[PDB]
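# A structural walkthrough
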Amino acid sequence: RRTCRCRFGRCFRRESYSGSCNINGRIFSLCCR
């Protein structure tokens, strides 16, 4: 849980899915590594 951020696509297995980020009408996966 070093850094949480919205990223395009799927996340890394060790990144905890925090929530959902929607920027400019597109949803990026909010995961925290």
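Scroll up to find the structure this text is about.
Residues numbered from 1 in each chain as written, not as in the entry; some residues may be left out. Heavy atoms only, no water.

### Quick notes on the state of the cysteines
Put simply, the test is: The disulfide criterion is simple: two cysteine sulfur atoms within 2.5 Å. Only DSSP runs of H or I covering at least 4 residues are called helices, and only runs of E covering at least 2 are called strands; the numbering of each starts at the N terminus. Remark: exposure states derive from per-residue accessible area (1.4 Å probe, protein chains only) relative to the maximum for the residue type, with buried under 20%, exposed over 50%, and partly exposed in between.
Per the counting criterion, the structure on display carries 3 disulfides. In this model, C4 is linked to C32 through a disulfide, with the two sulfur atoms separated by 2.0 Å. The chirality of the disulfide connecting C4 with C32 is left-handed, given an S-S dihedral of about -50 degrees. Of this pair, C4 sits in strand β1 (residues 4–7) while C32 is found in strand β3 (residues 26–32), placing the two residues 28 residues apart along the sequence. With a sulfur-sulfur separation of 2.0 Å, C11 is cross-linked through a disulfide to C31. Measuring the twist about the S-S bond at about 75 degrees, one finds the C11-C31 disulfide to be right-handed. Taken as a pair, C11 in the loop between β1 and β2 (16–23) and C31 in strand β3 lie far apart in primary sequence, 20 residues in all. The exposure class of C11 is buried, given its relative accessible area of 13%. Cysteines bonded in the protein are numbered consecutively along the chain; their disulfide partners then correspond to 1-6, 2-4, 3-5.

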